[PDB]
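[1] Before I ask anything, here's the sequence and the deposited coordinates:
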Amino acid sequence: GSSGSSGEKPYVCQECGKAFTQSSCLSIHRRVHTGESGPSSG
Ligand SMILES: [Zn+2]
């Protein structure tokens, strides 16, 4: 379900744009947030 208000899991990465169902997740994420990705893939 969804509510009609803001302030839902403030922790939201912007570099790649990935959310997390749990908390204190973005923390460890930033740790392994090195390198980039492009359309070119194997
Ligand atoms: Zn990210």
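    Nice, I can see it. Numbers count the residues shown, from 1 in each chain.
[2] who in this structure is up against the ion?
    For the chain, the residues in contact with the ion (Cβ under 5 Å from the ion) are 13, 15-16, 33. For the C-beta atoms, the positions are set from N, CA and C on the backbone; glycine is no exception.
[3] most surrounded residue in the residues you listed?
    residue 13 (14 neighbours; other Cβ atoms under 10 Å).
[4] What strand or helix carries that one?
    Here residue 13, judged by DSSP states H and E, is contained in no helix and no strand.
[5] Same question for residue 33.
    Using DSSP H and E, residue 33 falls outside every helix and strand.
[6] so it sits right up against residue 16, yeah?
    Yes. Residue 33 is within contact range of residue 16, at 7.3 Å (criterion: Cβ atoms under 8 Å).
[7] Can you check which residues contact both of these two?
    Taking Cβ atoms under 8 Å, 6 or more residues apart in numbering as the contact criterion, no residue touches both residue 33 and residue 16.
[8] quick one: residue 9 and residue 35, what's the gap?
    For residue 9, the distance to residue 35 (Cβ to Cβ, to the nearest Å) stands at 25 Å.
[9] What ranges does this structure have for its helices?
    25-31 (DSSP state H).
[10] Spatially central residue in it, please.
    The C-alpha lying nearest the average C-alpha coordinate of the chain belongs to residue 18 (Cα atoms, centre = their mean; 2.7 Å).
[11] How many residues are close by the residue lying closest to it once chain neighbours are set aside?
    Excluding its sequence neighbours, the residue lying closest to residue 18 (Cβ to Cβ, 6 or more residues apart in numbering) is residue 29, at 7.2 Å. For residue 29, the count of nearby residues is 15 (other Cβ under 10 Å).
[12] pretty sure residue 29 contacts residue 12?
    No. Counting by Cβ under 8 Å, residue 29 stays clear of residue 12, with 10.5 Å between them.
[13] okay, and the common contacts of those two?
    Joint contacts of residue 29 and residue 12 (Cβ under 8 Å, 6+ apart) are 18, 20.
[14] that older thread, residue 9 and residue 35 - which one has more neighbours?
    Neighbour count, other Cβ under 10 Å: between residue 9 and residue 35, residue 9 has more, with 12 against 5.
[15] where does the more buried one sit relative to residue 18, distance-wise?
    In terms of Cβ to Cβ, residue 9 sits 12 Å off from residue 18.
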